[PDB]
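Note that the protein sequences, when read in sequence, are chains A and B.
Mind the numbering: the first sequence is residues 12 to 308 in our numbering, read in order.
Mind the numbering: the second sequence is residues 45 to 340 in our numbering, read in order.
Every residue gets a Cβ at the ideal spot worked out from N, C-alpha and C, and that includes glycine.
These notes are about the structure you will find just below.
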Amino acid sequence: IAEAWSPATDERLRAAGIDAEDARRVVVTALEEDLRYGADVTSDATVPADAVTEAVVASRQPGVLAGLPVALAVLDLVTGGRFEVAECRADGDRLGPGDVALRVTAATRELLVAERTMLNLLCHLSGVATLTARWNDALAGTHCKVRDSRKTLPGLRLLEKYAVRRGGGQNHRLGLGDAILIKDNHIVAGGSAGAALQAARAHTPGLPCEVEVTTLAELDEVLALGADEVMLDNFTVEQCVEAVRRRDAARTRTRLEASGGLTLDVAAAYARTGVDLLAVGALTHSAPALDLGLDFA
Amino acid sequence: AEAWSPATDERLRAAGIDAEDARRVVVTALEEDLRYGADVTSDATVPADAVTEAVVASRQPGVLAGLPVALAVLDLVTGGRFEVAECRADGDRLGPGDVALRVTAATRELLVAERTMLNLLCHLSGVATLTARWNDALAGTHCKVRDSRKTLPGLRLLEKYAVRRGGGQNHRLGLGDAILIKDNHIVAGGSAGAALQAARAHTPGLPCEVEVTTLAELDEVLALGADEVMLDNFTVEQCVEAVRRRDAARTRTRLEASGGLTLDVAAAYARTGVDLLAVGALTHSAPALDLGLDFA
Ligand SMILES: O=C(O)c1cccnc1C(=O)O
Ligand SMILES: O=C(O)c1cccnc1C(=O)O
Ligand SMILES: [Cl-]
Ligand SMILES: [Cl-]
Ligand SMILES: [Cl-]
Ligand SMILES: [Cl-]
Ligand SMILES: [Cl-]
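The structure is reproduced here in structure tokens:
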């Protein structure tokens, strides 16, 4: 029940590397989903308007914590600044069961209004970071990194990319316009993979550029053309080993990125083929939520 | 574009989709993808006058949901300049290779829409698919499955829609349409039955569900004859006892179990004799359904 939050909160967000205008759109929208049918009828009947309590946000499962500054923004907006923090962990920290991510004090009615919006953000972004961190682990021992994609949930892209970073992964492009990625359907609608790569290089030479191949024949063209980065689409582990052979023999300056048909179990096998990157949509479209709850004193 | 045709405006209403809320989701999701430029890749590689047929089909089996929303994305991007050859209905079960939609539009407009349409399709169909799986496990009992308020930010109404299409039932939609006395109300309010009596006091027509964590609390609210009790994190065995104590007391209180539920133990919880299972995983942990969009 406020306009926007205090610039003290805006500083907290940009310090963590969160887009503050996007965080505001997400937070305001999520509060409205809960409040559009009227005030918190349950709290209004059972909790005095004057009550103040302490609240602890803690995890029940282990994983990586993301979104604590955005959760704090929710609470700033609902209380209008009238809260005091005692303890907090930082986004990126590992959490075990019972670990305290936040201990804050505010008016009881406003915590009760904010908590579900705080926790839905927190449990979701933490799930993303927790899963990204799992994928990074399957790649320990190699030189392979994990990246996300554009397969993000409507409305939560920048926040899901942020959570991916907090879990130790790397972002891909953020949209259709900040980098070139030539896909199957571009090659369906057009000539060949090679023609397409030459067309994007010529048309937009500033932007970084990646081409997605579905066969070894296509891989041969883009290697002949000296492609900067190549994405292997639904290659088997053997096919990737071949693709790494053909890459190492031509331009060792070509990054190979595997995508499609990847699961956490086979992540280790792929990393071992010598490909440089795994692009995993599951990071942001099928990230199971981390169990965090908010308990009162 | 600005808004969409009144035809998609009414196809959404025919589905029971909040059309205003859909507009916000769809326009936000498109702005996410275009706020950086114009789709350099397609503008370099696809003729500006190309027109293609596109098929949406699923690679895995599940329940389809969100197709009217995916269509509204296509409408906005094309300005209504598209045509549908075939479409399945939200709620239909699909298998591998099953075609949920065949559209024809300008190839460049399809490529800008492709990812927003699929992100909506795959998430909502995922929500409906998991909900349907939960329904199967409850089959042969009188237990139904219900969602929660543990929804992804900005997506509550579309996800509740998808729970309905997967064969589940919606719980309340916000903080103001139903009473639900939670663990923290009880802390701040001294006692579980103290809080329930306070709720009946303030609005006697609004029905109260009270959320208990101990068998003791359950006797307390069953003694006050609570209309509906939610068993927070009872074990399968504690639910069986909960049902026993409820059948003893001459009130037919409704029993809904919630807290930690996984598909895993879904079929077991359905046979404790509780009436409802409230599953946050339907919406906060629904794995996406693999649908793709392919050109002719
Ligand atoms: O298009 C992208 O940005 C992308 C990048 C890597 C992996 N997948 C995708 C996708 O969403 O198709
Ligand atoms: O508050 C709700 O609507 C709700 C309903 C059923 C199960 N859980 C919840 C929750 O507290 O998130
Ligand atoms: Cl960063
Ligand atoms: Cl292994
Ligand atoms: Cl309905
Ligand atoms: Cl007891
Ligand atoms: Cl009652």
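Residues sharing a beta bridge with residue i, DSSP
| i | result |
| --- | --- |
| residue 180(B) | Its beta-bridge partners do not exist; DSSP assigns none. |
| residue 321(B) | 189(B), 301(B) |
| residue 105(A) | 75(A) |
| residue 161(B) | Residue 161(B) pairs with nothing; no bridge assigned. |
| residue 244(A) | 270(A) |
| residue 213(B) | 190(B) |
Local conformation of residue i per DSSP, three classes
| i | result |
| --- | --- |
| residue 155(A) | coil |
| residue 304(A) | strand |
| residue 95(A) | strand |
| residue 237(B) | helix |
| residue 160(A) | coil |
| residue 106(B) | strand |
| residue 236(A) | coil |
| residue 225(B) | strand |
| residue 146(B) | strand |
| residue 66(A) | strand |
| residue 253(B) | strand |
| residue 51(A) | coil |
| residue 18(A) | helix |
| residue 329(B) | coil |
| residue 58(A) | coil |
| residue 198(B) | coil |
| residue 198(A) | helix |
| residue 112(B) | helix |
| residue 294(B) | coil |
| residue 63(B) | helix |
| residue 277(A) | coil |
| residue 72(B) | helix |
| residue 45(B) | coil |
| residue 219(B) | coil |
| residue 316(B) | coil |
Residue i: contacting residues in chain A (beta-carbon distance under 8 Å)
| i | result |
| --- | --- |
| residue 199(B) | 164, 165, 166 |
| residue 243(B) | 53, 56, 57 |
| residue 99(B) | Going along chain A, no residue has its Cβ under 8 Å from residue 99(B), so there is no contact; the nearest lies around 11 Å. |
Cβ-heavy atom distance, residue i to ligand 1, below 7 Å
| i | result |
| --- | --- |
| residue 161(A) | yes |
| residue 169(B) | no |
| residue 167(A) | no |
| residue 349(B) | What is shown of chain B runs 45 to 340, which leaves residue 349(B) out entirely. |
Near ligand 4: residue i beta-carbon under 7 Å from a heavy atom
| i | result |
| --- | --- |
| residue 280(A) | yes |
Contacts that residue i makes with chain B (C-beta to C-beta distance below 9 Å)
| i | result |
| --- | --- |
| residue 191(A) | 84, 85, 88 |
| residue 123(A) | 219, 226, 228, 229, 232 |
| residue 239(A) | Within chain B, no residue comes near residue 239(A); the closest Cβ sits about 14 Å away, beyond 9 Å. |
| residue 223(A) | Chain B residues near residue 223(A): none, gap ~10 Å exceeds 9 Å. |
Buried or exposed by the 16-neighbour rule on C-beta atoms within 10 Å, applied to residue i
| i | result |
| --- | --- |
| residue 80(A) | buried |
| residue 97(A) | exposed |
| residue 221(B) | exposed |
| residue 57(A) | buried |
| residue 249(B) | exposed |
| residue 229(B) | buried |
| residue 203(A) | exposed |
| residue 245(A) | exposed |
| residue 85(B) | buried |
Chain-ordered neighbours of residue i on chain A, where CB pairs are closer than 9 Å
| i | result |
| --- | --- |
| residue 80(B) | 184, 185, 186, 187, 188, 189, 190 |
| residue 339(B) | 195, 196, 199, 200 |
Any non-hydrogen atom of ligand 5 within 7 Å of residue i CB
| i | result |
| --- | --- |
| residue 110(B) | no |
| residue 341(B) | Because chain B is modelled from 45 through 340, residue 341(B) falls outside the range shown and cannot be assessed. |
Closer than 7 Å: residue i CB and nearest ligand 6 heavy atom
| i | result |
| --- | --- |
| residue 266(B) | no |
| residue 259(B) | yes |
Residue i: contacting residues in chain A (beta-carbon distance under 7 Å)
| i | result |
| --- | --- |
| residue 329(B) | 299, 300 |
| residue 189(B) | Ordered by position in chain A, no residue passes the 7 Å Cβ test against residue 189(B), which lies about 18 Å from the chain. |
| residue 250(B) | 52 |
| residue 239(B) | 57 |
Within chain B, partners of residue i - CB distance below 8 Å
| i | result |
| --- | --- |
| residue 132(A) | 197 |
| residue 22(A) | In chain order: nothing, as chain B lies at least about 22 Å away. |
| residue 175(A) | Chain B residues near residue 175(A): none, gap ~15 Å exceeds 8 Å. |
Residue i: CB within 7 Å of a non-hydrogen atom of ligand 2
| i | result |
| --- | --- |
| residue 322(B) | yes |
Residue i CB to nearest heavy atom of ligand 7 below 7 Å
| i | result |
| --- | --- |
| residue 33(A) | no |
| residue 244(B) | yes |
| residue 18(A) | no |
| residue 239(B) | no |
Proximal residues of chain B, C-beta to C-beta of residue i below 7 Å
| i | result |
| --- | --- |
| residue 64(A) | 232 |
beta-carbon residue i near ligand 3 non-hydrogen atom, thresh 7 Å
| i | result |
| --- | --- |
| residue 176(A) | yes |
Any chain D beta carbon closer than 8 Å to residue i
| i | result |
| --- | --- |
| residue 115(A) | Note that chain D does not occur in the displayed structure, where the protein chains are A and B. |
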